[PDB]
file start17.csv (CSV, C-alpha atoms and all ligand atoms)
chain,number,residue,atom,x,y,z
A,83,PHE,CA,108.5,15.7,36.6
A,84,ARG,CA,106.3,16.1,33.7
A,85,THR,CA,106.3,18.7,31.0
A,86,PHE,CA,103.7,19.9,28.5
A,87,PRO,CA,103.2,18.3,24.9
A,88,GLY,CA,106.5,18.3,23.2
A,89,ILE,CA,108.3,20.8,25.4
A,90,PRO,CA,106.8,24.3,25.4
A,91,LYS,CA,109.5,26.4,26.9
A,92,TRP,CA,110.5,30.1,26.6
A,93,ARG,CA,113.1,31.2,23.9
A,94,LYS,CA,114.5,34.2,25.7
A,95,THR,CA,115.9,34.3,29.3
A,96,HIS,CA,114.5,37.6,30.5
A,97,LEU,CA,110.8,37.4,31.0
A,98,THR,CA,108.2,40.0,31.9
A,99,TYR,CA,105.4,40.0,34.5
A,100,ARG,CA,102.3,42.1,35.3
A,101,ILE,CA,100.0,41.8,38.2
A,102,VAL,CA,96.9,42.9,36.5
A,103,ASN,CA,94.8,43.2,39.6
A,104,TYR,CA,94.6,42.7,43.3
A,105,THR,CA,92.8,40.5,45.9
A,106,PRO,CA,90.4,41.7,48.6
A,107,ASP,CA,92.2,39.3,51.0
A,108,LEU,CA,95.7,40.7,51.3
A,109,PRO,CA,97.2,44.2,51.1
A,110,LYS,CA,98.9,45.0,47.9
A,111,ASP,CA,102.4,44.6,49.4
A,112,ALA,CA,101.7,41.0,50.5
A,113,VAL,CA,100.6,40.2,47.0
A,114,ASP,CA,103.7,41.7,45.5
A,115,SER,CA,106.1,40.0,47.8
A,116,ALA,CA,104.5,36.6,47.3
A,117,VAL,CA,104.9,37.1,43.6
A,118,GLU,CA,108.5,38.5,43.8
A,119,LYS,CA,109.3,35.5,46.0
A,120,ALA,CA,107.6,32.9,43.7
A,121,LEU,CA,109.6,34.1,40.7
A,122,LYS,CA,112.8,34.1,42.7
A,123,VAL,CA,112.4,30.4,43.4
A,124,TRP,CA,112.7,29.6,39.7
A,125,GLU,CA,115.2,32.3,39.1
A,126,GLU,CA,117.6,30.9,41.7
A,127,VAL,CA,117.9,27.5,40.0
A,128,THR,CA,117.9,28.6,36.3
A,129,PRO,CA,119.2,31.3,33.8
A,130,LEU,CA,115.9,33.1,33.8
A,131,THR,CA,115.3,36.6,35.1
A,132,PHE,CA,112.0,38.6,35.5
A,133,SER,CA,110.9,42.1,35.3
A,134,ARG,CA,107.8,44.0,36.3
A,135,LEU,CA,105.5,46.0,34.0
A,136,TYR,CA,102.8,48.3,35.2
A,137,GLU,CA,101.1,48.7,31.9
A,138,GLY,CA,100.9,47.0,28.5
A,139,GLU,CA,101.4,43.3,27.9
A,140,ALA,CA,103.7,40.9,29.7
A,141,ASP,CA,104.9,37.4,29.2
A,142,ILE,CA,103.2,36.4,32.5
A,143,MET,CA,99.9,38.1,33.2
A,144,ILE,CA,98.9,37.6,36.8
A,145,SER,CA,95.4,38.1,38.1
A,146,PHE,CA,92.8,37.3,40.6
A,147,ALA,CA,89.6,35.7,39.3
A,148,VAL,CA,86.2,34.6,40.4
A,149,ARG,CA,84.1,32.0,38.5
A,150,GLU,CA,83.7,33.3,34.9
A,151,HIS,CA,86.5,35.6,34.1
A,152,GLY,CA,87.2,35.7,30.4
A,153,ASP,CA,88.9,32.5,29.6
A,154,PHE,CA,87.7,29.0,28.5
A,155,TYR,CA,88.1,27.7,32.1
A,156,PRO,CA,85.8,29.2,34.7
A,157,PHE,CA,86.7,28.8,38.4
A,158,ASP,CA,84.8,26.7,40.9
A,159,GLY,CA,83.9,28.7,44.0
A,160,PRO,CA,85.2,28.2,47.6
A,161,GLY,CA,87.4,25.2,47.5
A,162,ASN,CA,88.4,22.6,45.0
A,163,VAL,CA,90.5,24.3,42.4
A,164,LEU,CA,92.6,27.1,43.9
A,165,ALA,CA,94.3,28.4,40.7
A,166,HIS,CA,95.3,27.7,37.1
A,167,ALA,CA,98.0,28.8,34.7
A,168,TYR,CA,99.2,28.3,31.1
A,169,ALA,CA,102.2,26.8,29.4
A,170,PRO,CA,104.8,29.0,27.5
A,171,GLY,CA,103.8,30.8,24.4
A,172,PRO,CA,102.0,34.0,23.3
A,173,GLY,CA,98.9,35.7,24.6
A,174,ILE,CA,97.1,33.7,27.3
A,175,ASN,CA,100.0,31.4,27.3
A,176,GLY,CA,102.4,32.2,30.1
A,177,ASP,CA,99.6,33.4,32.2
A,178,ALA,CA,98.4,32.8,35.7
A,179,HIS,CA,95.0,32.9,37.4
A,180,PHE,CA,94.2,32.8,41.1
A,181,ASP,CA,90.8,31.9,42.4
A,182,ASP,CA,89.6,34.7,44.6
A,183,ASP,CA,86.9,32.5,46.1
A,184,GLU,CA,89.8,31.2,48.1
A,185,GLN,CA,91.3,33.0,51.0
A,186,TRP,CA,94.8,34.1,50.1
A,187,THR,CA,97.1,34.3,53.0
A,188,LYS,CA,100.7,35.4,54.0
A,189,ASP,CA,101.0,32.4,56.4
A,190,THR,CA,99.3,29.0,56.8
A,191,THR,CA,95.7,30.1,57.7
A,192,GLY,CA,93.9,29.7,54.4
A,193,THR,CA,95.5,29.3,50.9
A,194,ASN,CA,99.1,30.3,50.8
A,195,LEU,CA,99.7,32.8,48.0
A,196,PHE,CA,103.4,32.2,47.7
A,197,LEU,CA,103.2,28.4,47.6
A,198,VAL,CA,100.6,28.5,45.0
A,199,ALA,CA,102.2,31.2,43.0
A,200,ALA,CA,105.3,29.1,42.8
A,201,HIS,CA,103.3,26.1,41.6
A,202,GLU,CA,101.6,28.0,38.8
A,203,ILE,CA,104.8,29.8,37.8
A,204,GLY,CA,106.1,26.2,37.3
A,205,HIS,CA,103.2,26.0,34.7
A,206,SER,CA,103.9,29.3,33.0
A,207,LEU,CA,107.5,28.1,32.8
A,208,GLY,CA,106.8,24.8,31.1
A,209,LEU,CA,106.3,22.3,33.8
A,210,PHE,CA,103.3,20.1,34.3
A,211,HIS,CA,102.2,17.9,37.2
A,212,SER,CA,104.7,15.7,38.8
A,213,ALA,CA,104.3,12.2,40.2
A,214,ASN,CA,106.6,13.0,43.0
A,215,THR,CA,104.5,13.9,46.1
A,216,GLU,CA,107.4,15.8,47.6
A,217,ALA,CA,107.6,18.0,44.5
A,218,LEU,CA,106.2,21.4,44.2
A,219,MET,CA,104.6,20.4,40.9
A,220,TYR,CA,102.5,17.7,42.5
A,221,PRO,CA,98.8,18.8,42.0
A,222,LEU,CA,97.9,19.0,45.7
A,223,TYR,CA,98.4,21.9,48.1
A,224,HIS,CA,99.7,20.2,51.2
A,225,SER,CA,99.1,20.7,55.0
A,226,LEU,CA,102.0,22.8,55.9
A,227,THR,CA,103.5,24.9,58.8
A,228,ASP,CA,107.1,25.7,58.1
A,229,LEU,CA,107.5,28.1,55.1
A,230,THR,CA,111.3,28.1,55.9
A,231,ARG,CA,111.4,24.5,54.8
A,232,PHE,CA,110.4,25.7,51.4
A,233,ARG,CA,113.0,24.3,49.2
A,234,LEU,CA,112.2,22.9,45.8
A,235,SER,CA,112.5,19.2,45.4
A,236,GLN,CA,115.1,17.6,43.2
A,237,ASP,CA,112.3,16.6,40.8
A,238,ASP,CA,111.4,20.3,40.4
A,239,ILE,CA,115.1,21.3,39.9
A,240,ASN,CA,115.5,18.4,37.4
A,241,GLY,CA,112.5,19.5,35.4
A,242,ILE,CA,113.1,23.2,35.2
A,243,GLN,CA,116.7,22.6,34.5
A,244,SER,CA,116.0,20.1,31.7
A,245,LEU,CA,114.0,22.9,30.2
A,246,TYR,CA,116.4,25.8,30.7
A,247,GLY,CA,119.5,24.6,32.5
A,248,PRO,CA,121.1,25.9,35.7
A,249,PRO,CA,122.1,29.5,36.5
A,250,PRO,CA,125.0,31.1,34.7
A,251,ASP,CA,126.9,31.9,37.8
A,252,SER,CA,126.3,28.4,39.3
A,253,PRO,CA,128.7,25.4,39.7
A,254,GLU,CA,127.4,22.0,39.3
A,255,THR,CA,127.8,19.3,41.9
B,83,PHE,CA,65.3,61.4,34.1
B,84,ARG,CA,64.7,57.9,32.5
B,85,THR,CA,64.3,54.3,33.7
B,86,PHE,CA,64.8,50.9,32.2
B,87,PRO,CA,62.2,48.9,30.1
B,88,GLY,CA,59.6,47.3,32.3
B,89,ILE,CA,61.0,49.3,35.3
B,90,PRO,CA,63.4,46.9,36.9
B,91,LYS,CA,63.8,47.6,40.6
B,92,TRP,CA,64.9,46.3,43.9
B,93,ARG,CA,61.9,44.9,45.8
B,94,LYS,CA,63.8,45.6,49.0
B,95,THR,CA,65.4,48.7,50.5
B,96,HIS,CA,68.4,47.1,52.2
B,97,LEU,CA,71.0,46.3,49.6
B,98,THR,CA,74.3,44.4,49.8
B,99,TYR,CA,77.5,45.0,48.1
B,100,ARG,CA,80.9,43.3,47.5
B,101,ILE,CA,84.1,44.8,46.1
B,102,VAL,CA,85.3,41.7,44.3
B,103,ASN,CA,88.8,42.8,43.5
B,104,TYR,CA,91.1,45.8,43.4
B,105,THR,CA,92.9,48.1,40.9
B,106,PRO,CA,96.7,48.4,40.5
B,107,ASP,CA,96.0,52.2,40.0
B,108,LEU,CA,94.9,53.1,43.4
B,109,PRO,CA,95.2,52.4,47.2
B,110,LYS,CA,92.7,49.9,48.4
B,111,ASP,CA,91.1,52.4,50.8
B,112,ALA,CA,90.8,54.8,48.0
B,113,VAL,CA,88.8,52.3,46.2
B,114,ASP,CA,86.6,51.5,49.1
B,115,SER,CA,86.1,55.1,49.8
B,116,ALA,CA,84.9,55.9,46.4
B,117,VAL,CA,82.5,53.1,46.5
B,118,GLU,CA,80.9,54.1,49.8
B,119,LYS,CA,80.7,57.6,48.5
B,120,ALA,CA,79.0,56.5,45.3
B,121,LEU,CA,76.5,54.5,47.5
B,122,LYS,CA,76.0,57.4,49.9
B,123,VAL,CA,75.0,59.8,47.3
B,124,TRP,CA,72.0,57.7,46.4
B,125,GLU,CA,71.2,56.7,50.1
B,126,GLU,CA,70.9,60.3,51.1
B,127,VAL,CA,67.8,60.6,48.9
B,128,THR,CA,65.9,57.4,49.3
B,129,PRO,CA,65.0,54.9,52.0
B,130,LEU,CA,67.9,52.7,50.7
B,131,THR,CA,70.7,51.3,52.7
B,132,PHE,CA,73.9,49.4,52.0
B,133,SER,CA,76.0,46.8,53.7
B,134,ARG,CA,79.3,45.3,52.8
B,135,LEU,CA,79.7,41.6,52.2
B,136,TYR,CA,83.2,40.2,51.9
B,137,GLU,CA,82.0,36.8,51.0
B,138,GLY,CA,79.2,35.3,49.2
B,139,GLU,CA,77.4,36.8,46.4
B,140,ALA,CA,76.2,40.3,47.2
B,141,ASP,CA,73.4,42.3,45.4
B,142,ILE,CA,75.8,44.7,43.8
B,143,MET,CA,79.0,43.1,42.9
B,144,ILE,CA,81.7,45.6,42.1
B,145,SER,CA,84.8,44.7,40.1
B,146,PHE,CA,87.7,45.7,37.9
B,147,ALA,CA,88.0,44.3,34.4
B,148,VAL,CA,90.1,44.4,31.3
B,149,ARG,CA,88.9,43.5,27.8
B,150,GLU,CA,87.1,40.2,27.9
B,151,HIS,CA,85.8,39.3,31.4
B,152,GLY,CA,82.8,37.7,33.1
B,153,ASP,CA,80.2,38.9,30.5
B,154,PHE,CA,79.2,39.2,26.8
B,155,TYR,CA,80.5,42.8,26.9
B,156,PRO,CA,84.2,43.3,26.7
B,157,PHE,CA,85.8,46.4,27.7
B,158,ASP,CA,87.6,48.5,25.1
B,159,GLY,CA,91.1,49.6,26.1
B,160,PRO,CA,92.0,53.2,27.2
B,161,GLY,CA,89.2,55.7,27.2
B,162,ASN,CA,85.9,55.4,25.4
B,163,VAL,CA,83.9,53.0,27.6
B,164,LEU,CA,85.0,53.6,31.2
B,165,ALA,CA,82.7,51.3,33.0
B,166,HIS,CA,79.4,49.6,32.8
B,167,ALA,CA,76.5,48.4,34.9
B,168,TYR,CA,73.5,46.1,35.0
B,169,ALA,CA,69.9,47.0,36.0
B,170,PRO,CA,68.3,45.6,39.2
B,171,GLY,CA,67.8,41.9,39.5
B,172,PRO,CA,69.5,38.5,40.3
B,173,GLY,CA,73.0,37.4,39.2
B,174,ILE,CA,75.0,39.8,37.2
B,175,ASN,CA,72.0,42.1,37.5
B,176,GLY,CA,72.8,44.9,39.9
B,177,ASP,CA,76.5,44.6,39.2
B,178,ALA,CA,79.1,47.1,38.1
B,179,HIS,CA,82.3,46.6,36.2
B,180,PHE,CA,85.2,49.0,35.7
B,181,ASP,CA,87.5,49.2,32.7
B,182,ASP,CA,91.0,49.0,34.2
B,183,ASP,CA,92.6,50.1,31.1
B,184,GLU,CA,91.6,53.4,32.5
B,185,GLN,CA,93.6,55.1,35.2
B,186,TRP,CA,91.5,55.4,38.3
B,187,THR,CA,92.1,58.5,40.3
B,188,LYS,CA,90.8,60.0,43.6
B,189,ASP,CA,91.2,63.3,41.9
B,190,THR,CA,90.6,64.5,38.4
B,191,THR,CA,94.0,63.7,36.9
B,192,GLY,CA,92.9,60.6,35.3
B,193,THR,CA,89.5,58.9,35.6
B,194,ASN,CA,87.7,59.7,38.7
B,195,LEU,CA,86.6,56.6,40.6
B,196,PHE,CA,83.9,58.3,42.7
B,197,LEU,CA,82.2,60.0,39.7
B,198,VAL,CA,82.0,56.8,37.6
B,199,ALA,CA,81.1,54.6,40.4
B,200,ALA,CA,78.2,56.9,41.2
B,201,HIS,CA,76.8,57.0,37.6
B,202,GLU,CA,77.2,53.2,37.4
B,203,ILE,CA,75.4,52.6,40.7
B,204,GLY,CA,72.6,54.7,39.4
B,205,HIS,CA,72.3,52.0,36.7
B,206,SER,CA,72.5,49.2,39.3
B,207,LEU,CA,69.6,51.0,41.1
B,208,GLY,CA,67.2,51.4,38.1
B,209,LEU,CA,68.1,54.5,36.3
B,210,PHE,CA,68.8,54.6,32.6
B,211,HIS,CA,70.5,57.6,30.9
B,212,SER,CA,69.1,61.1,31.4
B,213,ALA,CA,68.4,63.8,28.8
B,214,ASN,CA,69.5,66.4,31.3
B,215,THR,CA,73.0,67.9,30.8
B,216,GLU,CA,73.4,68.7,34.5
B,217,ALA,CA,72.4,65.2,35.6
B,218,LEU,CA,74.7,62.4,37.0
B,219,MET,CA,72.8,60.0,34.8
B,220,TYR,CA,73.5,62.0,31.7
B,221,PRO,CA,75.8,59.7,29.6
B,222,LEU,CA,78.7,62.2,29.2
B,223,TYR,CA,81.9,62.3,31.1
B,224,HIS,CA,83.2,65.6,32.0
B,225,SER,CA,86.8,65.7,33.3
B,226,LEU,CA,85.2,67.4,36.2
B,227,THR,CA,87.6,69.5,38.3
B,228,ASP,CA,85.1,70.8,40.7
B,229,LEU,CA,83.9,67.7,42.5
B,230,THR,CA,84.3,70.3,45.3
B,231,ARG,CA,80.8,71.6,44.2
B,232,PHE,CA,79.3,68.2,43.5
B,233,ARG,CA,75.6,67.8,43.9
B,234,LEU,CA,73.1,65.2,42.8
B,235,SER,CA,71.0,67.1,40.3
B,236,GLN,CA,67.3,67.6,40.9
B,237,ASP,CA,66.7,65.1,37.9
B,238,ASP,CA,68.7,62.3,39.6
B,239,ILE,CA,66.6,62.8,42.7
B,240,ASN,CA,63.4,62.9,40.8
B,241,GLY,CA,64.2,59.6,39.1
B,242,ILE,CA,65.4,57.7,42.1
B,243,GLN,CA,62.5,58.8,44.2
B,244,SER,CA,60.1,57.8,41.6
B,245,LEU,CA,61.5,54.3,42.1
B,246,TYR,CA,62.1,54.1,45.9
B,247,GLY,CA,60.7,57.2,47.6
B,248,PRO,CA,62.2,60.0,49.7
B,249,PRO,CA,63.9,59.4,53.1
B,250,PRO,CA,61.4,58.2,55.8
B,251,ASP,CA,61.3,61.4,57.6
C,1,LIG,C1,93.5,23.9,50.2
C,1,LIG,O1,93.0,22.8,49.5
C,1,LIG,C2,94.1,21.9,49.2
C,1,LIG,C3,93.6,20.7,48.4
C,1,LIG,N1,93.1,21.1,47.0
C,1,LIG,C4,91.6,21.1,47.0
C,1,LIG,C5,91.0,19.9,46.4
C,1,LIG,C6,91.2,19.7,44.9
C,1,LIG,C7,92.6,19.8,44.3
C,1,LIG,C8,93.4,21.0,44.6
C,1,LIG,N2,94.4,21.4,43.6
C,1,LIG,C9,94.4,22.5,42.8
C,1,LIG,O2,93.5,23.3,42.8
C,1,LIG,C10,95.5,22.9,41.9
C,1,LIG,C11,96.5,23.9,42.5
C,1,LIG,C12,97.5,23.7,43.5
C,1,LIG,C13,98.4,22.6,43.6
C,1,LIG,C14,98.0,24.9,44.3
C,1,LIG,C15,95.3,22.8,40.5
C,1,LIG,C16,94.0,22.2,39.8
C,1,LIG,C17,94.3,20.7,39.6
C,1,LIG,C18,93.3,20.0,38.7
C,1,LIG,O3,93.5,20.5,37.4
C,1,LIG,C19,96.5,23.1,39.6
C,1,LIG,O4,97.3,22.2,39.7
C,1,LIG,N3,96.7,24.1,38.9
C,1,LIG,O5,97.9,24.2,38.2
C,1,LIG,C20,93.9,21.3,46.0
C,1,LIG,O6,95.2,21.4,46.1
C,2,CA,CA,87.9,27.4,43.8
C,3,CA,CA,101.1,35.7,28.3
C,4,CA,CA,89.4,35.8,48.4
C,5,CA,CA,73.9,41.1,41.4
C,6,CA,CA,87.9,51.8,28.3
C,7,CA,CA,94.4,51.0,35.2
C,8,ZN,ZN,91.3,31.5,33.8
C,9,ZN,ZN,99.1,22.8,38.7
C,10,ZN,ZN,81.2,43.4,32.1
C,11,ZN,ZN,75.7,54.9,31.9
call {"tool": "encode", "arguments": {"input": "start17.csv", "output": "structure tokens"}}
result
Amino acid sequence: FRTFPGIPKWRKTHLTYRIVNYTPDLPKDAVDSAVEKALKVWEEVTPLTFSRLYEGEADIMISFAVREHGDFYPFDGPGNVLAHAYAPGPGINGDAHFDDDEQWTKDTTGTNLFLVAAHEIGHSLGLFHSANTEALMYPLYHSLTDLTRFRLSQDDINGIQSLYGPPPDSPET
Amino acid sequence: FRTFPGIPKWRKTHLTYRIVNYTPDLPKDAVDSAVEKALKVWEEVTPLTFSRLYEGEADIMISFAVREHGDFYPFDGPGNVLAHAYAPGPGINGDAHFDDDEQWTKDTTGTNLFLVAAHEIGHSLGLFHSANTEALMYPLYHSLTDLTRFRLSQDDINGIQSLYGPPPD
């Protein structure tokens, strides 16, 4: 694992999230679930919880974005970069942007929304890019079939738990 | 009616559109529906036609947007500016953005998506604001209950025919 410069992490354990808008590609439900599920993955192995806002501002603001969208970092069209997100902190920090010139998918067809959402929630949570290829925080989106063999790697566990520790109801091996 | 400076138009009657993203506020089909209704209202009086692109850049790109977005013209929060659009031409020209710090509704309980989409597409097609109270291109939002009576005013027709002509026959 890596982290960001001098350990940007959150100070509180209950975070908020808003999905600011929706993709042409999937129905709203598929979006939601992928997000619910991406949060869950980090929840499961730490003391953090999340909760959903329909209006106002949230720690993690989640949106779909084409090209120029309002930050300092425009997207590149179909291909290359698939998404980007921001380290802990106020405002734009915490926040997560999905390239809609990709094809977001519920399975393995185009770009998997869950897989990616997980990766970029690693960013909003304080993790950077891993060296470990087998880790979710490696900067490549890999050629996959089985989404049931989504488990985080040990590197991932190790990095999010060095930030936040393990869950309160959890034993340690 | 009124038009833009140096009369910007489309030099082509078959126009393309893309709904670039979707609002939390509404069902997706209620978005789509309000779009093709806003399009239709202008199509019924000219030789224009629309088709929907799902990829690529289309002539009229339609999107939802909050504060600072793709352009030099941030949205403003709840109320005031509801949406905006660019006169005919390439790029962002032709394109229509919507302030998602409104509540878009299919009815008149919040901000009616059809109504605003229609006004805005008027802009995308070459019309500036009208001096006519009864006109769709008049700059003023009514919270207009009776959509049930909705007509393009004769002004709106005059102005859009002056650009593109009436229907073929
Ligand atoms: C489908 O194409 C797969 C190969 N591709 C396409 C070829 C370029 C790289 C690419 N990676 C990304 O765009 C990711 C995102 C991933 C890992 C989801 C980025 C940008 C990296 C450079 O800064 C990211 O890590 N954001 O946090 C990617 O996974
Ligand atoms: Ca891209
Ligand atoms: Ca934030
Ligand atoms: Ca897409
Ligand atoms: Ca355009
Ligand atoms: Ca507004
Ligand atoms: Ca809204
Ligand atoms: Zn961005
Ligand atoms: Zn990344
Ligand atoms: Zn704009
Ligand atoms: Zn206007």
call {"tool": "closest_atom_pairs", "arguments": {"input": "start17.csv", "of": "chain B", "to": "ligand CA 6 (chain C)", "cutoff": "7 Å", "atoms": "only C-alpha atoms and all ligand atoms", "output": "JSON lines"}}
result
{"residue": "B:157", "atom": "CA", "partner": "C:CA6", "partner_atom": "CA", "distance": 5.8}
{"residue": "B:158", "atom": "CA", "partner": "C:CA6", "partner_atom": "CA", "distance": 4.6}
{"residue": "B:159", "atom": "CA", "partner": "C:CA6", "partner_atom": "CA", "distance": 4.5}
{"residue": "B:160", "atom": "CA", "partner": "C:CA6", "partner_atom": "CA", "distance": 4.5}
{"residue": "B:161", "atom": "CA", "partner": "C:CA6", "partner_atom": "CA", "distance": 4.3}
{"residue": "B:162", "atom": "CA", "partner": "C:CA6", "partner_atom": "CA", "distance": 5.0}
{"residue": "B:163", "atom": "CA", "partner": "C:CA6", "partner_atom": "CA", "distance": 4.2}
{"residue": "B:164", "atom": "CA", "partner": "C:CA6", "partner_atom": "CA", "distance": 4.5}
{"residue": "B:181", "atom": "CA", "partner": "C:CA6", "partner_atom": "CA", "distance": 5.1}
{"residue": "B:183", "atom": "CA", "partner": "C:CA6", "partner_atom": "CA", "distance": 5.7}
{"residue": "B:184", "atom": "CA", "partner": "C:CA6", "partner_atom": "CA", "distance": 5.8}
call {"tool": "residues_around", "arguments": {"input": "start17.csv", "residues": "segment 238-252 of chain A", "least_positions_apart": "4", "cutoff": "10 Å", "atoms": "all atoms listed in the file", "output": "ChimeraX atom specification"}}
result
/A:83-85,89-95,124-131,204,207-210,212,214,216-220,233-234
call {"tool": "closest_residue", "arguments": {"input": "start17.csv", "among": "A:202, A:183, A:237, A:254", "to": "chain B", "atoms": "all atoms listed in the file"}}
result
A:183
call {"tool": "axis_aligned_box", "arguments": {"input": "start17.csv", "around": "ligand LIG 1 (chain C)", "padding_each_side": "4 Å", "output": "AutoDock Vina command-line options"}}
result
--center_x 94.7 --center_y 22.3 --center_z 43.8 --size_x 15.4 --size_y 13.2 --size_z 20.8
call {"tool": "residues_near_point", "arguments": {"input": "start17.csv", "point": "(78.6, 53.2, 35.5)", "cutoff": "9 Å", "atoms": "all atoms listed in the file", "output": "MDAnalysis selection string"}}
result
chainID B and resid 164:168 178:180 197:206 219
call {"tool": "atom_distance", "arguments": {"input": "start17.csv", "atom1": "atom CA of residue 224 of chain B", "atom2": "atom CA of residue 89 of chain B"}}
result
27.7 Å
call {"tool": "residues_near_ligand", "arguments": {"input": "start17.csv", "ligand": "ligand ZN 8 (chain C)", "cutoff": "10 Å", "atoms": "all atoms listed in the file", "output": "number ranges by chain"}}
result
A: 145-157, 165-168, 174, 177-181; B: 151
call {"tool": "closest_atom_pairs", "arguments": {"input": "start17.csv", "of": "chain B", "to": "chain A", "cutoff": "8 Å", "atoms": "all atoms listed in the file", "output": "Markdown table"}}
result
| residue | atom | partner | partner_atom | distance |
| --- | --- | --- | --- | --- |
| B:101 | CA | A:106 | CA | 7.5 |
| B:102 | CA | A:106 | CA | 6.7 |
| B:103 | CA | A:105 | CA | 5.2 |
| B:104 | CA | A:104 | CA | 4.7 |
| B:105 | CA | A:103 | CA | 5.4 |
| B:106 | CA | A:103 | CA | 5.6 |
| B:110 | CA | A:109 | CA | 7.7 |
| B:146 | CA | A:103 | CA | 7.7 |
| B:150 | CA | A:152 | CA | 5.1 |
| B:151 | CA | A:152 | CA | 4.0 |
| B:152 | CA | A:151 | CA | 4.4 |
| B:153 | CA | A:152 | CA | 7.7 |
call {"tool": "atom_distance", "arguments": {"input": "start17.csv", "atom1": "atom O3 of ligand LIG 1 (chain C)", "atom2": "atom CA of residue 143 of chain B"}}
result
27.4 Å
call {"tool": "atom_distance", "arguments": {"input": "start17.csv", "atom1": "atom CA of residue 191 of chain A", "atom2": "atom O1 of ligand LIG 1 (chain C)"}}
result
11.3 Å
call {"tool": "residues_around", "arguments": {"input": "start17.csv", "residues": "residue 97 of chain A", "least_positions_apart": "4", "cutoff": "7 Å", "atoms": "all atoms listed in the file", "output": "CSV table (one decimal) with C-alpha atoms, keeping the file's coordinate frame"}}
result
chain,number,residue,atom,x,y,z
A,131,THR,CA,115.3,36.6,35.1
A,132,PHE,CA,112.0,38.6,35.5
A,133,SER,CA,110.9,42.1,35.3
A,141,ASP,CA,104.9,37.4,29.2
call {"tool": "decode", "arguments": {"input": "start17.csv", "residues": "segment 239-253 of chain A", "atoms": "N, CA and C atoms", "output": "short mmCIF file (atom, residue, chain, number, x, y, z; two decimals), in the first residue's frame"}}
result
data_model
loop_
_atom_site.label_atom_id
_atom_site.label_comp_id
_atom_site.auth_asym_id
_atom_site.auth_seq_id
_atom_site.Cartn_x
_atom_site.Cartn_y
_atom_site.Cartn_z
N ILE A 239 -6.47 -4.38 3.04
CA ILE A 239 -6.76 -4.49 4.49
C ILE A 239 -5.76 -3.76 5.40
N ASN A 240 -4.49 -4.15 5.23
CA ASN A 240 -3.35 -3.48 5.87
C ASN A 240 -3.25 -1.95 5.77
N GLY A 241 -3.59 -1.44 4.58
CA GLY A 241 -3.55 0.01 4.42
C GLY A 241 -4.76 0.79 4.94
N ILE A 242 -5.93 0.20 4.76
CA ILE A 242 -7.07 0.91 5.34
C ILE A 242 -7.14 0.80 6.86
N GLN A 243 -6.66 -0.36 7.33
CA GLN A 243 -6.59 -0.54 8.79
C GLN A 243 -5.43 0.09 9.51
N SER A 244 -4.38 0.45 8.76
CA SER A 244 -3.37 1.35 9.37
C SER A 244 -3.79 2.80 9.49
N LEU A 245 -4.72 3.14 8.59
CA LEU A 245 -5.42 4.41 8.76
C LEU A 245 -6.44 4.44 9.90
N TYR A 246 -7.27 3.41 9.95
CA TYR A 246 -8.49 3.50 10.76
C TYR A 246 -8.70 2.42 11.81
N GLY A 247 -7.80 1.42 11.75
CA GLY A 247 -8.09 0.13 12.39
C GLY A 247 -9.24 -0.72 11.81
N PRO A 248 -9.36 -1.88 12.49
CA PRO A 248 -10.39 -2.88 12.17
C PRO A 248 -11.75 -2.52 12.77
N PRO A 249 -12.83 -3.25 12.35
CA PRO A 249 -14.16 -3.02 12.93
C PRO A 249 -14.24 -3.24 14.43
N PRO A 250 -15.01 -2.37 15.10
CA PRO A 250 -15.28 -2.58 16.53
C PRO A 250 -15.83 -3.93 17.00
N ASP A 251 -16.72 -4.58 16.27
CA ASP A 251 -17.15 -5.93 16.63
C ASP A 251 -16.28 -7.09 16.14
N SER A 252 -15.08 -6.74 15.65
CA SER A 252 -14.22 -7.77 15.03
C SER A 252 -13.06 -8.27 15.92
N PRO A 253 -12.85 -9.64 15.91
CA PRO A 253 -11.63 -10.18 16.51
C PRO A 253 -10.44 -10.09 15.57
#
